[PDB]
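So here's one chain in two forms, each on its own in structure tokens, numbered structure 1 and structure 2.
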Structure 1
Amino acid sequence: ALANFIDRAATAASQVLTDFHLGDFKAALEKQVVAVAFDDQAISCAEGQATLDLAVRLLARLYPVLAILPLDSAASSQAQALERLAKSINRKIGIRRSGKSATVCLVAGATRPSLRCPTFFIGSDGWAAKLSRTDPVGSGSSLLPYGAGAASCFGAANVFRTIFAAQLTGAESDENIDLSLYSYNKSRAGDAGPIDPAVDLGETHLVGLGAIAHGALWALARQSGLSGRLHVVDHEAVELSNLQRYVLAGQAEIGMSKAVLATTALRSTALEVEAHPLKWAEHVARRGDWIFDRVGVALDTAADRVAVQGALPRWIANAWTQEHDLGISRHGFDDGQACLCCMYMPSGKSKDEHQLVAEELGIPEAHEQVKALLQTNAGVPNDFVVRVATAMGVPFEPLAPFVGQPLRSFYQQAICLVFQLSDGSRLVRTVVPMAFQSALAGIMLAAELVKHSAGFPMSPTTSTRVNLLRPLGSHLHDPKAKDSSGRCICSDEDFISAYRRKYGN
């Protein structure tokens, strides 16, 4: 019952777990039974259903055995649907209808499952996400998804930190969470956030339609009263390994245009969705109008996000999943605050690609031969691939077919593979976040676009960060000064004029 995409989930784990070993890891998963329990309070409201929906979507992307536990006869209808959701993500997933074997349980609603395994009550009330290790928290009656969905991400994170407690440090599970996704402070009885289906996105652009965007699209599609025109922009297609992180991708979405998927995700909103199977540059070029009223960035590299700022939209919400945190940043250009280019201004020189690849090949001092084999695109000799294989700690045989091929070929296959030949000791360089990190970052992104287009008072700091591999922070807000180098385009009078020319002030 491990997923066909499990190696990608193992690539992710290997980046957060100490003393990772692929074989142990997969065995550790097979000994688990992760329980989702729920009662009539949860299945009867929109918040509880949302929380269940996302929780199953997260857990089915990692755990080979789930127990789906309706706690009364009312919850039996939702149960069948949850089993069907879990199987749509991993057709061979294991489904238990009993908790006798649970290693960890998540509970929505008001009823206690009465199990001997660690148990987390999750839930919500409007903007507030709730988790408790000792008592049910229940699910509210609003039509808001943000608190309910964020609670699932906190649910799944605490599941992961509990199963893998022995391979993490400073990683205690949470005892209580009462976090407002409206304010990102502890939820106050008076200090609640407005709840209204009266929200128009105007003309909004969502750039990047991958994992983080999937969390955002999950939320927007549960946002009642959403009106407006939304552009979704991505040129890529869903790959099998994306089902490790992309909460709206199941087996049936493999191979499909990410732009076509984002469209159908929103079919039940009142949004007029325009889907563009293009990169941002081609979108910008085909519009010929550089009026961007509102842009949500859900991309994977600095340069791509910096390019979005170059176009000078009125306002950007930027979303990221990095190694030690996920988060959201907010940028007007002409407001005194940091700009998206600020967020990635380089501070110094770094290692060149021929050098970083030389470390990943266990040949740190062959940087000159890696640069030459990359420029000359010549075949890797036999004595090179024996050196690399020995430096990599694997047998030479899996890497023998590469003898005579470009080094770019060797690195694009064995390295992008050797992780499995080394039982997880050789880590890949590219960060693969966990599904629950991507989903929460996307929920925050949907949160920001909706709040900003509903005109709420905007955030006091540029960015908000969460680290789901530790107990939730008590101060999620992160300030960020405008770059003071002079070298950031938000310092440039030509850029400032072109922004005012479009938006005034």
Structure 2
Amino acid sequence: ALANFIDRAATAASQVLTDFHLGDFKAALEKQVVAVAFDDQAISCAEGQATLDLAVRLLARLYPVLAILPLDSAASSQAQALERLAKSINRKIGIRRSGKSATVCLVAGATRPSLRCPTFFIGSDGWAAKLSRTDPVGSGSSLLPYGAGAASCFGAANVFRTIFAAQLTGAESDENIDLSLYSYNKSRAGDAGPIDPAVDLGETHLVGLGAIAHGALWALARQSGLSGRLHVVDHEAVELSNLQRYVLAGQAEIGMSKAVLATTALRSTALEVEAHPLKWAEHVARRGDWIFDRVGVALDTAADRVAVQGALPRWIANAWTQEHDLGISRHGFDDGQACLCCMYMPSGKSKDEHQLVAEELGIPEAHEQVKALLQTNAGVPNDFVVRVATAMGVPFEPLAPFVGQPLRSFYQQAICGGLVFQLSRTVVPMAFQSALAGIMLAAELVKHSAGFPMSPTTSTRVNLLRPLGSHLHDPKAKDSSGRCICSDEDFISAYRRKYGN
């Protein structure tokens, strides 16, 4: 009952599991029965429905057999919804209505199932995400999805670290979580973040509509009280393998334009969503305005992210996932802090020609000999080519004609010409990472436009392959080389011309 996308999932787990074996992983999954139990308290509120929704959206993208366990009769209704939802993602998924065989369990609401397997109680209160291995935590009564949805992510993360504990180092189960998604600190009684969900997004651009963006769209669909205009931008369509992280893409959305999916998903919100089945550069070219109030970036390369900053939006919320980490960074351009381009600036310095050519040939040690060969423009000796060939892991015979030729001719054809590369790891994240970074990107865009005070640090990061960090803030300082565009007086004038100060 593994999903037809189960291979993209195995790729994702093969980047985080020590001693990954594909047939073993699939067989580990088939021994599992992951249970979702819920009662009248969970189903009687927006937060509880949200937490159950995202939990099943995550669990159904990995496990072949789920147990959907309503604990009283009030939940019997929600339990059919959840069964339906899981079957829309994986039509061959197994569904049990008994906990007898359950191997892990997530619980929302106030009622303990009396199951023998490891059980995580997940819930929320407004901005607070709540997990407990010992006691129910219940769902609050706000119209905010952020605490609710983050808890689904922590639960889904804990289900995974419990099943695959032997293949994971320092990946203990959380015993308690109580994380404010407003402050990213441990929630305190004194500072309860604002529950009012009346926030105007202005004209906000959400660029890139893949895995991270789906968590953002999940959250924005579930905060009634958002108004404003939202441009969603992406040229691609959903593919089968994408259903391993895209929490809003079931089997039906395969082949659908990502921009069209994003609009359908918000169709019952009060937002005026504009779908652009375009690349960012085409969206920018056609708008011809160059005034961007708020941009939320969930693209896939550093180059694409830096290009957004070049258009000089008023403020950016940037989101990412890597192997041991996920996070979001905020960016105004004229604020004394780092800009989006600072985050991806290249490290090092420009090297002299002789040092660069020696490095690209795999012989940094030979810089002095390289320097001379470029001065004298002399023919490279035989041992020089045997050393470059060895250093680069490449047969000698292809490089043999360059013996006695100038070093430049050699360097030109083997490097600039791409010869040695002919002679010679996409990071796939876990669904619960993509979802939580997406949820965190939504919370930034909403908080920024609500005018709440902004995080002290440039970034806020989370590692879901370990227990939650206790200090989730990550400082990054403005780049100081002078080579970043936030140092450039022309860029600073263009920004101040559009937005003041």
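Along the sequence of structure 1, residues get numbers from 1 upward. Heads up, when I say rigid core I mean the largest set of C-alphas that superpose within 1.5 Å between the two forms.
When the two forms are overlaid on the rigid core, CA displacement between structure 1 and structure 2 of 2 Å or more is confined, within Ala221, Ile163, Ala366, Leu271, to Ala366.
Annotation for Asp383: C-alpha shift of 2 angstroms or more between structure 1 and structure 2, rigid core superposed. After superposing the rigid core, the Cα of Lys349 is displaced by 2 Å or more between structure 1 and structure 2. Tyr184 is not among the residues whose C-alpha shifts by 2 Å or more between structure 1 and structure 2 once the rigid core is aligned; its shift stays under 2 Å. The two forms line up on their rigid core, and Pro197 then has its Cα shifted by 2.5 Å between structure 1 and structure 2. Its Cα shifted by 18.0 Å between structure 1 and structure 2, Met392 is reported here after superposition on the rigid core.
Look at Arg116: with the core superposed, its C-alpha moves 0.7 Å between structure 1 and structure 2.
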